[PDB]
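S.K.: Once you've had a glance at the structure underneath, I'll fire off some questions.
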Amino acid sequence: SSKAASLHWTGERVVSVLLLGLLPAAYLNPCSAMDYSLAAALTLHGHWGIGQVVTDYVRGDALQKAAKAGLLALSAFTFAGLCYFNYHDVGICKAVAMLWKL
Amino acid sequence: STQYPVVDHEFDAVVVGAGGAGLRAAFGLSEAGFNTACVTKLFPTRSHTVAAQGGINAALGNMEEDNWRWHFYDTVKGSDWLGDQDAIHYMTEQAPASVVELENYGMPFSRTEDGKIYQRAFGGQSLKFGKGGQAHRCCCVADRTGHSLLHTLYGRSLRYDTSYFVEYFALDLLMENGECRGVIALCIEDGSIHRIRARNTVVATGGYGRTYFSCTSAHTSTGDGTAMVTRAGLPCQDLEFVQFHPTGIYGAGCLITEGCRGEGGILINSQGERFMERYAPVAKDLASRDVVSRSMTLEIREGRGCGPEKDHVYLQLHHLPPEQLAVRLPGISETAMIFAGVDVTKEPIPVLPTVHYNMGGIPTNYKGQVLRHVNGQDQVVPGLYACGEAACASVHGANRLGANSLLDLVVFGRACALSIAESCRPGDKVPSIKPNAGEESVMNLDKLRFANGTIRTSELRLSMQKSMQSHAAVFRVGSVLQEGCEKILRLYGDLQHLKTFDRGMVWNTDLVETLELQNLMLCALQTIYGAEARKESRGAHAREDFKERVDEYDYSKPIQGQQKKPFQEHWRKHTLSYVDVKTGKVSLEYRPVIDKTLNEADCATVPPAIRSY
Amino acid sequence: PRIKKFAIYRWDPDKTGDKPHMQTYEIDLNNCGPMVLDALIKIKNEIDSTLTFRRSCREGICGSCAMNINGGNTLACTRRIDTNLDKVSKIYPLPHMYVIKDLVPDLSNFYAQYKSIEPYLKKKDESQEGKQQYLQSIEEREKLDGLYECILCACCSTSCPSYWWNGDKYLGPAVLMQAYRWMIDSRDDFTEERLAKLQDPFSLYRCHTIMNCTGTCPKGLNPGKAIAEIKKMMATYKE
Amino acid sequence: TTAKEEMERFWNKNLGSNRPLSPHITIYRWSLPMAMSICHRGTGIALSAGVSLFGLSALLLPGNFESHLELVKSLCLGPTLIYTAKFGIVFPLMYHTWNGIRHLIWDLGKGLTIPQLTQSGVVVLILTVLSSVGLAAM
Ligand SMILES: *Cc1cc2c(cc1C)nc1c(=O)[nH]c(=O)nc-1n2C[C@H](O)[C@H](O)[C@H](O)COP(=O)(O)OP(=O)(O)OC[C@H]1O[C@@H](n2cnc3c(N)ncnc32)[C@H](O)[C@@H]1O
Ligand code: HEM
Ligand SMILES: CN(C)Cc1cccc(NC(=O)c2ccccc2C(F)(F)F)c1
Ligand code: SF4
Ligand code: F3S
Ligand code: FES
C-alpha cells in the first residue's frame, strides 16, 4: 500500500524551491557550507530532471535499464566532482566570483 | 457469397442500439445474468440521446407535492387519446423509481435548496389532473441532461460483461418461421459480415428524422430498426405521426430546448405581441408541441414573417435574468452563438417548427414485446423486443408530451430486460439458424457496394427529403398528400438506378449511407401513405380538409343517447403499415388503442375529451 | 461566387500500395454551410463520395467529427470556414493516431483507457441503491461544472505531445479529467483508491503541463487544470 | 472483455497492419506556450550538461582552477567579446529559473487559463532578457 510516485513528484518540487532559495543565498552568504548544499541540490534536481526525459523518450526494457544506470553513473561522478572541487579547490561560490570579474 | 466471410456469434440476448433505451436494456440483461451483446453503428456516446437538452419527467415531488397519476393524465391528454393507457400507466408509475435509479448510477442532476433533484416546468404538464395549474416535474442536468444520461448509462454499463459491437451496422433481423433468431450485421472496420444469433432481440435504434430536409435529429437518425421490421413483413405503427418541435434554429436546423419556454421563454410574432396567448389561453406558450407549432407554422401563412426573407419566427430571451441563463440553460447559450451567431442574454433566437420526434415505430407491449397483427387480433413475435423512439408502445400516441422520451427510454429499456429475465433464463437453448440464412441481406449489401446507376445516393436522398418537407409538413391536405405519395413511390423505383463510387471493404461511408437510404425510404412510404389515408385532425397529424377529431363517439356532447361507431368507421385506432419490399406497395391495417390500465383501482382510465389548453 | 480550397488527408486501405497523400477540393461558399463539416459533407455528397469521415449530431455535442483543422484539434461542425479565399484549409486526422481510413482514427486505446479509470458511482454500501435518491448540496454540484460536460472527442489527449510519445501507458487529458470528475463527486466513496490507481510514473505523472489540451478543447474545458489538481490530491491524501 | 484486454488487442491489431500514423509534429500549429516548454527542456538539459562538464573535468583534468583561468587569459579578453560568453551562460540559466517558478506556480494550482498562460509566459520571457543583461554587466 505504498505511494512512491507521488512522493517522488513531491520531492522534485521541494528540491526545486530549495535550489531557487539557494541561488540568492549563495550570492548573499558565499561559504564552504553553501558550496556543498549547492553541490547537493544542483546534482539531485538535475538527476531527477533527466530522469523524466529518459522516461519520456527512451522506449524499451533493455534501453531504459541502461539509460537509468548510465545517468546514475554520471550523477554520481558529477556530485563527486563537485565535492572534490569544494574540498581541494576554491569551491563553487569562489569559482563563479573569480570567473565573473574577468 | 464467397466474397464475404461470415463469422457467427452465439449470445443469450442481442440489443441493437446504444442510445438511452439501447444501453439500459443492454446492461440490464447483463445485470440479470444474461450473456448480452450490444450492436451499434456509432460509439455509444455519439448516440443522439446525447443531443438531449430538456429533461426527464418524474413525479418525485421535489418542487411542490406531486402525484404520478397526475403525470399519467398529462401524458394521455397529450396523446390525444391514441396513447395506450396500459403503457402510460407502467411508465408514469416507474417514473420516480427509474430516475432515482439513474441518480444512483452517478447522473449529476442539478440540485435544489434541499439538495434533491431539480425539477422544472415543461410543455403540457399540469397538477391535479389539469385543474391545479402549472406542474414542475422535469428533472434535468442543467441543459445537458441527455448528454449526462447517456454518459452515466454508458459509464455504468462498463461494470458488466456486455459484448459491445462498436461501429457495426445492423442490416436485417435473422428471422425463421415468425420467431426471431437475432441480427445479421456489417462490420464497418474490416467490411466483414457477422450473424449474431440469440434467444431474444431488442431493437432500440431511435427515430427516422432524416426522412425530411429540416430535422433537429442527427445525421444517423435513419430509422434502421424500423426498416428491419418491415423487411421481415412485420407491421409498423402510427408512422404518419411525426412531431414538429416548435423551436429549432432556422439555419443549420439545430435545436434549442423546450426548457427555454419552461423557465420563462416567450414567443414573438410580427407585431411583437405574445401570440401564443391568442391561441392557447390556459397553458399559453407552454402548451403541447402539436398546438404550439400549429400556431407558428400558420403565422407565416398569414404573412406575419420575422426573418430576412420572412420564414422563421422568434423565441425571446431578452428579459430573462443573466445569472439564470448560466446554471439552468448554459448549453443553449453556446449553441445559439455558434450557428445563429446570437448572444442569448440580449438577442432573441430565430426559430422554425422542424421535425423532432417519431412517436410512431415498432408496435410494442407494455412489457416491451413486438406485436404482429393476425386475424384482427394482437400476437407477440417470439424473441423480438423493441424500446425507445424506434418502438411504439404508444406511450406518446398521437403527440409526445414534453420531456417524456428520455423517460420512455429508461423505463422501456428496463422493461425489455425484465420481460426476458422472467420468460427465460440465461444459458437456455439458443435456437439455430439456417446455414444459408440472411444471405439476401449480404446480396443486398453486395449490390449497393458495386452499384452503378444514373442517380447518386446524395441526390436521391435530397429528392426524398424535399418531397416530404413540402407534402408532409405540419399542415397537409389530401390533394397535396396524394401527389407526395406517388412522388415517393416513384423514388423507390429509382433505387435501382443508384450510383456508388467507394468500392472498398474498410469504412465505406458511401455504402452505409446508401443502406441508410433504403431504410429512410421504407420509413417515408409508410409515413406518407398512412398520412393520406387517415382522414382526421388528431395530435400532430392535422388535416385542413378533415379538421375534426374523429372518435368512436362524439365526445363533445354527453355520453348516453349515442350509437357507437363501428371500428372500421372512426379513426381512434393505430395505423399498422406494411410494405412489399420488391414493389414498394403500402398496405394498411388498423388495431384498437388500449384504454384499460394495469390497475383501475390504483389508476383510473381517462376517457376521451376535448383537446384544448 | 466565392471559391474556397480544401486540402484533405487521404488514405485507402483497400487500394494496394496506397501511400498517404493530400487531395484538394474546391467549393462554392454561396450554396454551402458556414462550418467545416458542412463543407466536408458537401464534397462527400457531390465532388467525391469516397471521403470517409465520422459525423453525427452536427451540433458540437457528440464528438464524432473531431479532427485537426489548420493545426488544431476541434470539431468540424463547430469550426466555421475561414472566408479568406487565398488561404487553403488543411484538414488532417487527429495527431499521432493510427489511420483506419482517411480522417478516421483508431480510438480503441482511447476508449479503453476511459474504461480503466472506472467512470461510475461507487458507494461502499450499494445494498440501498435504486430506492433512495442520494443527497448532494448545491455547492457540491458546482464542483462538477467544467468537468461533466466533456464529450470525449479526444481532441485534447491527441494534442498532447506526451500522449503522442506515451499513448500506451499515459492516460491523457480527456481520461484524467474524468478520473478527477469522479474524485470530487460528493456521492463517490472510492476517492482514495481512485488516486492509488495512479501511483505509477506513467498513468498521471507523464504530464508536464504543456497545456495543449485546454488550448485545443472545442468545448472550452480545462483538463490540464484538473490534472494539476489531481497531482495536488496525490501529495495530500493519506492512508 | 476488460479494459486491459482492449489495450492489449489494440496494439496487436495496429502494429500487425499497414495502417499509417497520422502526422503530428509536421502539422500541429505552434504557439508561445508550446515553444516555451521545448526551451525549458533544452535549458534544463544544457544546464545539466554544463554542471556535469564542470564536475567531471575536476576529477579528470589536472591542475587547479586558477591554472585553467590563466589558460583562458591567453586570448584577448575583448570587452564585448567576453560579454558573449558571459551572456551565453546566464541566458539559459535565467530563462529556466524564471520559467521554473512559473512551473511551480502551476503545480500549486494557479494561473492555468489560456490568457494567464500567455501573460505569464511573456513576463518570464521579459524577466530573462533583463536579468541576463543585468548579470552580464556585473
Ligand atoms: C432530436 C432530439 C431529440 C430530443 C432532444 C434533443 C434532440 C436534438 N432532447 C430531449 C430531451 O432533452 N428530453 C427528452 O425527453 N427528449 C429529447 N429528445 C428525444 C430523445 O432525446 C431521443 O428520442 C432519444 O435520445 C432516443 O434514444 P434511443 O436510445 O431510442 O435512440 P438513440 O439515442 O438515437 O440511439 C440509437 C443507437 O442505436 C445505434 N444504431 C442505430 N442504427 C443502427 C444500426 N444501423 N446498426 C447498429 N446500431 C445502430 C446507434 O449506434 C445509436 O447509438
Ligand atoms: C533555481 C532555478 C531552477 C528552478 C526554479 C527549476 C525548476 C524546475 C522544475 C520545477 C522542473 C520540472 C518541470 C516539470 O517537468 O514539471 C525543472 C525541469 C528541469 N530542470 Fe530545473 N530548475 C532550476 C534550475 C536548474 C538547473 C541549475 C539545472 C541543471 C542541473 C536544471 C535542470 C533541469 C532538468 C534536466 C529538467 C527536466 C526537463 C523537463 O522535463 O522539462 N534546473 N526545473
Ligand atoms: C507541439 N509541437 C508540434 C512541438 C513539439 C514537438 C515534439 C516534442 C515536443 N515537446 C516535447 O517533447 C516535450 C517538451 C517539454 C516537456 C515534455 C515533452 C514531452 F512530454 F516529452 F513531450 C514539442
Ligand atoms: S476535455 Fe475537451 S478536448 Fe478533451 S475530450 Fe472532453 S471536450 Fe474533447
Ligand atoms: S496537453 Fe498533455 S501535457 Fe499535461 S497538461 Fe497537457 S495533459
Ligand atoms: S458531429 Fe457531433 S460533434 Fe461534430
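What is reported rests on the model, the rules as stated and the sources as named; nothing here is a laboratory result. Cβ sites come from the backbone with ideal geometry, for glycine too, and all protein chains shown count toward neighbours.
For (1) surrounded by 12 or more Cβ atoms within 10 Å (Cβ to Cβ); (2) within 14 Å of chain C (Cβ to nearest Cβ); (3) under 26 Å from the mean Cα position of the chain (by Cα); (4) touching a residue at least 12 places away in the same chain (Cβ under 8 Å), each residue gets a yes or a no:
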| position | (1), (2), (3), (4) |
| --- | --- |
| D:27 | yes, yes, yes, no |
| D:39 | yes, yes, yes, yes |
| D:51 | yes, no, yes, no |
| D:70 | no, no, no, no |
| D:75 | no, no, no, no |
| D:87 | yes, no, yes, yes |
| D:91 | yes, no, yes, yes |
| D:100 | yes, yes, yes, yes |
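S.K.: Same structure again: Quick one: which residue in B:598, B:588, B:576 is under 15 Å from residue B:530 (Cα atoms), in contact with an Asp or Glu (Cβ under 8 Å, 6 or more places away or on another chain) and among the hydrophobic types (A, V, I, L, M, F, W, C)?
M.R.: On the way: B:598 fails: under 15 Å from residue B:530 (Cα atoms); B:588 fails: in contact with an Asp or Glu (Cβ under 8 Å, 6 or more places away or on another chain).
The conditions single out B:576.
S.K.: Further question: Can you name every residue in segment C:183-238 that is basic (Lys, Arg) and away from ligand 2 (no atom under 16 Å from the Cβ)? Show your work before the answer.
M.R.: Applying the first criterion (basic (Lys, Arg)) to segment C:183-238 yields C:187, C:194, C:197, C:206, C:219, C:225, C:231-232, C:238.
Those that are basic (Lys, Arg) and away from ligand 2 (no atom under 16 Å from the Cβ): C:187, C:194, C:197, C:219, C:238.
S.K.: How about segment A:19-33: which of its residues are more than 11 Å from the chain's Cα centre (by Cα) and closer than 20 Å to residue D:94 by Cβ? Can you show your working first?
M.R.: So in segment A:19-33, the residues more than 11 Å from the chain's Cα centre (by Cα) come out as A:20-33.
If the condition is that a residue be more than 11 Å from the chain's Cα centre (by Cα) and closer than 20 Å to residue D:94 by Cβ, then A:20, A:21, A:22, A:23, A:24, A:25, A:26, A:27, A:28, A:30 are the ones that fit.
S.K.: List, please: which pairs have Cβ atoms under 6 Å, are six or more places apart or on different chains, and start with a residue in segment C:66-78 that is among the hydroxyl-bearing types (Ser, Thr, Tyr) and end with one that is near ligand 6 (Cβ under 7 Å from one of its atoms) and part of a loop (DSSP other than H, G, I, E, B)?
M.R.: Close Cβ pairs (under 6 Å, with a partner that is near ligand 6 (Cβ under 7 Å from one of its atoms) and part of a loop (DSSP other than H, G, I, E, B)) amount to C:78/C:60.
S.K.: Additional query: Does segment B:551-603 hold any residues that are assigned to a loop (DSSP other than H, G, I, E, B), surrounded by 16 or more Cβ atoms within 10 Å (Cβ to Cβ) and in contact (Cβ under 8 Å) with a residue 60 or more places away in the chain, and which are they?
M.R.: Listed by number, the residues that qualify are B:551, B:572, B:581, B:584, B:593, B:594, B:595, B:597, B:603.
S.K.: So for segment B:60-78 (the condition being surrounded by fewer than 24 Cβ atoms within 10 Å (Cβ to Cβ), part of a helix (DSSP H, G or I), more than 16 Å from ligand 2 (Cβ to nearest atom) and of a type in the set (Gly, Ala, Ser)), does at least one residue qualify?
M.R.: Within segment B:60-78 (the criterion being surrounded by fewer than 24 Cβ atoms within 10 Å (Cβ to Cβ), part of a helix (DSSP H, G or I), more than 16 Å from ligand 2 (Cβ to nearest atom) and of a type in the set (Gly, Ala, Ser)), the answer is no, since none of the residues qualifies.
For (1) more than 25 Å from residue B:592 (Cβ to Cβ); (2) surrounded by fewer than 24 Cβ atoms within 10 Å (Cβ to Cβ); (3) in contact with a strand residue (DSSP E or B) (Cβ under 7 Å, 6 or more places away or on another chain); (4) of a type in the set (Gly, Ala, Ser), each residue gets a yes or a no:
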position: B:334; (1), (2), (3), (4): yes, yes, no, no
position: B:348; (1), (2), (3), (4): yes, yes, yes, no
position: B:389; (1), (2), (3), (4): no, no, yes, no
position: B:401; (1), (2), (3), (4): no, no, yes, no
position: B:406; (1), (2), (3), (4): yes, no, yes, no
position: B:418; (1), (2), (3), (4): yes, yes, no, no
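S.K.: Could you please let me know if residue C:90 is more than 18 Å from the chain's Cα centre (by Cα), touching a residue at least 60 places away in the same chain (Cβ under 8 Å) and more than 12 Å from chain B (Cβ to nearest Cβ)? Give the derivation first.
M.R.: Values: more than 18 Å from the chain's Cα centre (by Cα): yes; touching a residue at least 60 places away in the same chain (Cβ under 8 Å): yes; more than 12 Å from chain B (Cβ to nearest Cβ): yes.
For residue C:90, the condition - more than 18 Å from the chain's Cα centre (by Cα), touching a residue at least 60 places away in the same chain (Cβ under 8 Å) and more than 12 Å from chain B (Cβ to nearest Cβ) - is met.
S.K.: While we're looking at this one, here's another question. State whether one or more residues within segment C:193-208 are within 14 Å of ligand 4 (Cβ to nearest atom) and more than 23 Å from residue C:70 (Cα to Cα).
M.R.: So far as segment C:193-208 goes, yes, one or more of its residues are within 14 Å of ligand 4 (Cβ to nearest atom) and more than 23 Å from residue C:70 (Cα to Cα).
S.K.: On to the next question. Could you list, in sequence order, the residues of segment B:24-41 that are surrounded by 24 or more Cβ atoms within 10 Å (Cβ to Cβ) and assigned to a loop (DSSP other than H, G, I, E, B)?
M.R.: Listed by number, the residues that qualify are B:34, B:41.
S.K.: Which condition number in (1) away from ligand 2 (no atom under 12 Å from the Cβ); (2) surrounded by 12 or more Cβ atoms within 10 Å (Cβ to Cβ); (3) at the interface with chain D (Cβ under 10 Å from one of its Cβ atoms) is the one that residue A:30 fails?
M.R.: The failed condition is (3).
S.K.: Turning to a different aspect of this structure: Among the residues that make up segment C:118-138, is at least one of them more than 11 Å from ligand 4 (Cβ to nearest atom), buried (at least 20 other Cβ atoms within 10 Å of the Cβ) and of a type in the set (A, V, I, L, M, F, W, C)?
M.R.: yes
S.K.: Would you say residue A:19 is more than 8 Å from every other protein chain (Cβ to nearest Cβ), surrounded by 18 or more Cβ atoms within 10 Å (Cβ to Cβ) and free of Cβ contacts under 8 Å to residues at least 60 places away in the same chain?
M.R.: Against the criterion (more than 8 Å from every other protein chain (Cβ to nearest Cβ), surrounded by 18 or more Cβ atoms within 10 Å (Cβ to Cβ) and free of Cβ contacts under 8 Å to residues at least 60 places away in the same chain), residue A:19 qualifies.
Let's see how each residue does on (1) farther than 23 Å from residue D:113 by Cα; (2) within 16 Å of ligand 6 (Cβ to nearest atom); (3) outside any helix (DSSP H, G or I); (4) in the same structural domain as residue C:71 (by CATH):
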{"residue": "C:141", "(1), (2), (3), (4)": "no, no, no, no"}
{"residue": "C:146", "(1), (2), (3), (4)": "no, no, yes, no"}
{"residue": "C:150", "(1), (2), (3), (4)": "no, yes, yes, no"}
{"residue": "C:153", "(1), (2), (3), (4)": "no, yes, yes, no"}
{"residue": "C:177", "(1), (2), (3), (4)": "no, no, no, no"}
{"residue": "C:188", "(1), (2), (3), (4)": "yes, no, yes, no"}
{"residue": "C:193", "(1), (2), (3), (4)": "yes, no, no, no"}
{"residue": "C:205", "(1), (2), (3), (4)": "no, no, yes, no"}
{"residue": "C:214", "(1), (2), (3), (4)": "no, no, no, no"}
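S.K.: Quick check on segment B:102-113. Is at least one of its residues surrounded by fewer than 23 Cβ atoms within 10 Å (Cβ to Cβ), more than 9 Å from chain C (Cβ to nearest Cβ) and either more than 22 Å from the chain's Cα centre (by Cα) or charged (D, E, K, R) (or both)? Before the answer, list the steps.
M.R.: As a first pass, look at segment B:102-113 and keep what is surrounded by fewer than 23 Cβ atoms within 10 Å (Cβ to Cβ): B:104-105, B:110-113.
Add one more test, that the residue is more than 9 Å from chain C (Cβ to nearest Cβ), and what stays is none.
No, that holds for no residue.
S.K.: Condition test on residue D:17, is it small (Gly, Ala, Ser), surrounded by 14 or more Cβ atoms within 10 Å (Cβ to Cβ) and either more than 7 Å from every other protein chain (Cβ to nearest Cβ) or under 28 Å from the mean Cα position of the chain (by Cα) (or both)? Explain how you work it out, then say what you get.
M.R.: On the way: small (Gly, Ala, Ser): yes; surrounded by 14 or more Cβ atoms within 10 Å (Cβ to Cβ): no; either more than 7 Å from every other protein chain (Cβ to nearest Cβ) or under 28 Å from the mean Cα position of the chain (by Cα) (or both): yes.
When the stated conditions are applied, residue D:17 does not pass them.
S.K.: Residues to consider are B:493, B:427; find the one that is on the phi > 0 side of the Ramachandran plot and away from chain C (no Cβ under 14 Å).
M.R.: Exactly one of B:493, B:427 is on the phi > 0 side of the Ramachandran plot and away from chain C (no Cβ under 14 Å), namely B:427.
S.K.: Is it the case that some residue within segment B:142-160 is surrounded by fewer than 20 Cβ atoms within 10 Å (Cβ to Cβ) and either on the phi > 0 side of the Ramachandran plot or within 19 Å of the chain's Cα centre (by Cα) (or both)?
M.R.: No.
S.K.: Still on this model: I'd like the residue in segment C:72-87 that is over 15 Å from the mean Cα position of the chain (by Cα) and more than 17 Å from residue C:42 (Cα to Cα) and, out of all such residues, is farthest from ligand 6 (Cβ to nearest atom).
M.R.: So the residue we want is C:86.
S.K.: Looking at segment C:188-195, is at least one residue more than 16 Å from ligand 3 (Cβ to nearest atom), more than 8 Å from every other protein chain (Cβ to nearest Cβ), closer than 27 Å to residue C:94 by Cα and without any contact (Cβ under 8 Å) to a residue 60 or more places away in the chain?
M.R.: There is no residue in segment C:188-195 that is more than 16 Å from ligand 3 (Cβ to nearest atom), more than 8 Å from every other protein chain (Cβ to nearest Cβ), closer than 27 Å to residue C:94 by Cα and without any contact (Cβ under 8 Å) to a residue 60 or more places away in the chain.
S.K.: Which residues, taken from segment C:59-87, are at the interface with another protein chain (Cβ under 8 Å from one of its Cβ atoms) and within 16 Å of ligand 3 (Cβ to nearest atom)?
M.R.: C:68, C:70, C:71, C:72
S.K.: Sticking with this one: I'd like the residue in segment C:120-167 that is of a type in the set (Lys, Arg) and within 7 Å of another protein chain (Cβ to nearest Cβ) and, out of all such residues, is nearest to ligand 1 (Cβ to nearest atom).
M.R.: Kept after step one, since they are of a type in the set (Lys, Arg), are these residues of segment C:120-167: C:122-124, C:131, C:141, C:143.
Keeping just the survivors that are within 7 Å of another protein chain (Cβ to nearest Cβ) gives C:131, C:141.
On the way: C:131: 23, C:141: 19 Å.
Of everything passing the filter in segment C:120-167, C:141 is nearest to ligand 1 (Cβ to nearest atom).
S.K.: Look at segment B:433-465 and say how many of its residues are part of a helix (DSSP H, G or I) and within 14 Å of chain C (Cβ to nearest Cβ). Before you say what the answer is, go through the steps one by one.
M.R.: Of segment B:433-465, the ones part of a helix (DSSP H, G or I) are B:439-449, B:457-465.
In the following step, the residues that additionally are within 14 Å of chain C (Cβ to nearest Cβ) were identified as B:448-449, B:457-465.
Adding up the residues that qualify gives 11.
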